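Please treat every number below as a calculation from the coordinates, not as lab data. Here Cβ is always computed from backbone atoms with ideal geometry, including for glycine, and neighbour counts include all displayed protein chains.
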Amino acid sequence: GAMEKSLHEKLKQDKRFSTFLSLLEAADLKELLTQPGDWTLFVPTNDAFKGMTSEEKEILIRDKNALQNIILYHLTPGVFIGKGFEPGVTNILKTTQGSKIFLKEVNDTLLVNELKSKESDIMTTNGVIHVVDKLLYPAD
């Protein structure tokens with residue numbers, strides 16, 4: 001059964017997001033991915049980690065509020081949908097992280113303020129999933 005696959009189920013079945021399970025579980029969000037409600041999350045792949053400076057990663061874990069902000073992975077309310085809107089326009093959306101994210105879908109391709117996503121739209125039991133290849137920094 002459970003052929004719908006859940007958020008945690010995916011992260012637990014996808015070694016690609018093993019790192020997430022580690023850091024996300026440390027913050028105690030493993031339960032947050034199970035909570036009841038439809039939300040969207042932006043999970044970057046290893047190819048996105050390539051570059052992160054030693055100081056950068058440290059400056060993040062250096063503050064509980066810092067890593068926390070990123071931990072939410074820009075968690076947003078309401079499963080992200082193409083909003084059947086015009087493709088090419090950047091739509092502004094607010095997330096729990098406290099910042100805004102610009103979404104733009106063109107040529108049946110999801111382009112968020114960063115480039116071409118690796119894999120998203122994945123329908124979960126607690127919302128949808130969004131896999132990108134770059135971390136989205138907050139606002140000044």
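Among the residues of segment 88-115, the one identified as loosely packed, with under 14 Cβ neighbours inside 10 Å and basic (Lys, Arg) is 94. When segment 37-79 is filtered for residues that are within 21 Å of residue 104 (Cβ to Cβ) and under 11 Å from the mean Cα position of the chain (by Cα), the ones remaining, listed by number, are 39, 40, 41, 42, 43, 44, 45, 73, 74, 75, 76. Taken residue by residue, segment 91-104 has no member that is in a strand (DSSP E or B) and under 23 Å from residue 10 (Cα atoms).
Looking only at residues in segment 116-140 that are of a type in the set (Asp, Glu) and assigned to a strand (DSSP E or B), which one is surrounded by the most Cβ atoms within 10 Å (Cβ to Cβ)?
Checked segment 116-140; the qualifying residue surrounded by the most Cβ atoms within 10 Å (Cβ to Cβ) is 121.
For segment 84-92, the criterion of a residue being aliphatic (A, V, I, L, M), touching a strand residue (DSSP E or B) at 6+ places or on another chain (Cβ under 7 Å) and without any contact (Cβ under 8 Å) to a residue 60 or more places away in the chain is satisfied by at least one position. Going through segment 21-51 one residue at a time, which ones are more than 16 Å from residue 126 (Cα to Cα) and touching a residue at least 40 places away in the same chain (Cβ under 8 Å)? Of everything in segment 21-51, those that are more than 16 Å from residue 126 (Cα to Cα) and touching a residue at least 40 places away in the same chain (Cβ under 8 Å) turn out to be 23, 24, 27, 44, 45, 47, 48.
Taking segment 41-56, which residues are among the hydroxyl-bearing types (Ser, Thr, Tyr), in a loop (DSSP other than H, G, I, E, B) and exposed (fewer than 11 other Cβ atoms within 10 Å of the Cβ)? Spell out the reasoning first.
Start the filter on segment 41-56 by keeping residues that are among the hydroxyl-bearing types (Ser, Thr, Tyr), which leaves 45, 53-54.
From what's left, in a loop (DSSP other than H, G, I, E, B): 45, 53.
Within segment 41-56, just 53 meets the criteria.
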